[PDB]
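>>> experimental structure and sequence below, a few questions after.
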Amino acid sequence: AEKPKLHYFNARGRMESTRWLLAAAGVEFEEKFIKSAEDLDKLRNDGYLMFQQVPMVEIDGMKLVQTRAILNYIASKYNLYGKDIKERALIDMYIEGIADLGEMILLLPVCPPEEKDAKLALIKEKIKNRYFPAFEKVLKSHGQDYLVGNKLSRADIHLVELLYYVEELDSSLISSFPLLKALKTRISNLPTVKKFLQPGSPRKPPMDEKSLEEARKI
Amino acid sequence: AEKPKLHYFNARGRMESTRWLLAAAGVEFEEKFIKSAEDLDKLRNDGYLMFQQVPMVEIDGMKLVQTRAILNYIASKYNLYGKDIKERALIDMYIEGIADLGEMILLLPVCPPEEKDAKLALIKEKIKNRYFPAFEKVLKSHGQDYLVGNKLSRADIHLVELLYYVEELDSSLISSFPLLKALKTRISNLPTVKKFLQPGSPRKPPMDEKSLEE
């Protein structure tokens, strides 16, 4: 019946991969933006947040916190977690790599300014030499359109999301990886994702530098 | 039916929670310790580490890397991931909390020394104010012996592992949490876990100052 309700800042942050996944699955959701310290305190004092944190998603009568919990639940419900325990293993392995990399990119903006130069270079080296090669190799090994089981799964969605963030960081990093490029294009033209990528969707922009040091106040 | 094979340093690190999970499920496994930079290099070069890192576990024909992938697979295989999607959600929410706190503790002795006292104080605050209250609350909510579905799940095992690390860090942290102290004892007395906690198991010691020149 009910639309998932997403409690987060009006920003990408740790809720954006859920927006991508729900949108990819064709699921219409509502959002309730935390705009002040008091909004967050009200979620806390109302007992909505198990560990005092957002993201939180109201879905099927649960108040799910922890990004991975929310995502695991959504992906099973909408058949984007593979067909069995072994396909789930490949998906989890792949998406956890994506998450480790995504986490490095997510936190880069709060990086101590004196180590931003070093770290950015490292993230680029890891993208070039560790992550992109690993996914290019998987796609080459089986020659199929999707990462796992020859059908759309959360892994394709989480990877493609990440390809957009890497493109924002440095458009050249994907250039020597043709199969990642083709995957990006295919996934981006699935009706649901195409709609999500179009102006007007719930997809969120990059956090700007002026509007992050303002989201510290909460 | 190969025995699962765990490739990791001869240390706790990021493989310990898998050692606890397998042992708790009564699953006999083997370990191949990385002792040199060359051991790691050979695994990387021979294509067995998808992201050039361990932990890696050989199980059911896969070379599984990423802790969470390894743990999720083992939990499902041995019926410690609950009965349906909604129990998995509760379990996931609990264990992700456990892993966030776990991660902080894991990385503490690698903090630059002039931050190390501040990090510890923040960990203890989170333990007393965030994490222990959350898990005490769940235990009192249903008053049962297990976190979820009135039967042993990975959540019990991951939590009780963490209560052992929290004990090592500060023995007083658990003192105002009687349901947590009771879970530690009960889980620790399950035959499999009891064996694991006894000498001669694959359970690993804390790192010592001198061992960290690894």
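Yep, that arrived. Numbering: from 1, shown residues only, chains lettered A, B, ... in the order given.

>>> secondary structure element for residue A:202?
Using DSSP states H and E, residue A:202 maps to neither a helix nor a strand.

>>> how about it: what's its closest non-neighbour residue?
Excluding the flanking residues, the one nearest residue A:202 by Cβ to Cβ, 6 or more residues apart in numbering or on different chains is residue A:19, at 5.5 Å. Where C-beta positions appear, they are placed from N, C-alpha and C, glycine not excepted.

>>> how about residue A:97?
residue B:51 (4.8 Å).

>>> ok, that neighbour touching residue A:132?
No: using Cβ atoms under 8 Å, residue B:51 makes no contact with residue A:132, being 11.2 Å away.

>>> re the thing from before, wait, the residue nearest to residue A:202 sits on residue A:161?
No: the criterion here is Cβ under 8 Å, and residue A:19 misses it with residue A:161 at 9.3 Å.

>>> what about residue A:9, distance to chain B?
Relative to chain B, residue A:9 is positioned 19 Å away (Cβ to the nearest Cβ, to the nearest Å).

>>> what's the local residue count around that residue?
Residue A:9: 19 surrounding residues under other Cβ atoms under 10 Å in any protein chain shown.

>>> for it, what are its contacts?
By Cβ atoms under 8 Å, 6 or more residues apart in numbering or on different chains, the contact set of residue A:9 is A:15, A:33, A:34, A:35, A:54, A:215, A:218.

>>> looking at residue A:19 and residue A:161, which has the bigger crowd around it?
Set side by side, residue A:19 and residue A:161 show unequal neighbour counts under other Cβ under 10 Å, the larger going to residue A:161 at 23 against 20.

>>> check which helix or strand covers that one.
Following DSSP H and E, one finds residue A:161 within helix A:154-169.

>>> other SSEs contacting that helix?
Packing partners of helix A:154-169 (3 or more Cβ pairs under 8 Å, 6 or more residues apart in numbering or on different chains; DSSP states H and E): helix A:16-25, helix A:85-107, helix A:178-188.

>>> list only buried entries from the contacts of residue A:9.
Using 16 or more other Cβ atoms under 10 Å in any protein chain shown as the burial test, the contacts of residue A:9 include A:15, A:34, A:54 as buried.

>>> of the residues you listed, closest to chain B?
Closest approach to chain B among those (Cβ to the nearest Cβ): residue A:54, at 13.1 Å.

>>> tell me the buried residues in stretch A:8-17?
Neighbour counts over stretch A:8-17 (16+ other Cβ under 10 Å) mark A:8, A:9, A:11, A:12, A:13, A:14, A:15, A:16, A:17 as buried.

>>> kindly confirm my reading that the third one is in a helix.
Read that as residue A:11. No: Residue A:11: not assigned to a helix; according to DSSP: H, G, I helix; E, B strand; the rest coil it is coil.

>>> who's in contact with it?
A:204, A:207, A:215.

>>> can I get those in CSV with secondary structure?
Output for the contacts of residue A:11, formatted as CSV (three-state DSSP):
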residue, secondary structure
A:204, coil
A:207, coil
A:215, coil
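
>>> ok, so of these, who is nearest chain B?
Closest approach to chain B among those (Cβ to the nearest Cβ): residue A:215, at 20.4 Å.

>>> isn't that closest one right next to residue A:207, touching?
Yes: the pair residue A:215 and residue A:207 passes the contact test of Cβ under 8 Å, sitting 7.4 Å apart.

>>> check contacts around residue A:17.
Here residue A:17 is in contact with A:67, A:71, A:102, A:158, A:161 (Cβ under 8 Å, 6+ apart).

>>> quick check, central residue of chain A?
residue A:17 (2.6 Å; Cα atoms, centre = their mean).

>>> next one: stretch A:178-185 to chain centre, how far?
Centre-to-centre, stretch A:178-185 and its host chain are 18 Å apart (Cα atoms, centre = their mean, to the nearest Å).

>>> what residues sit buried inside that stretch?
Neighbour-count burial for stretch A:178-185, counted by 16+ other Cβ under 10 Å, picks out A:180, A:183, A:184.

>>> need the contacts of residue A:9 in CSV (columns: secondary structure).
Listed next are these as CSV, based on three-state DSSP:
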residue, secondary structure
A:15, helix
A:33, strand
A:34, coil
A:35, coil
A:54, coil
A:215, coil
A:218, coil
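
>>> could you list the domains of chain A?
A:1-80+A:190-208, A:81-189 (curated CATH domains).

>>> next one: the shortest one to chain centre, how far?
Right, domain A:1-80+A:190-208. In terms of Cα atoms, centre = their mean, the centre of domain A:1-80+A:190-208 is set 11 Å apart from its chain centre.
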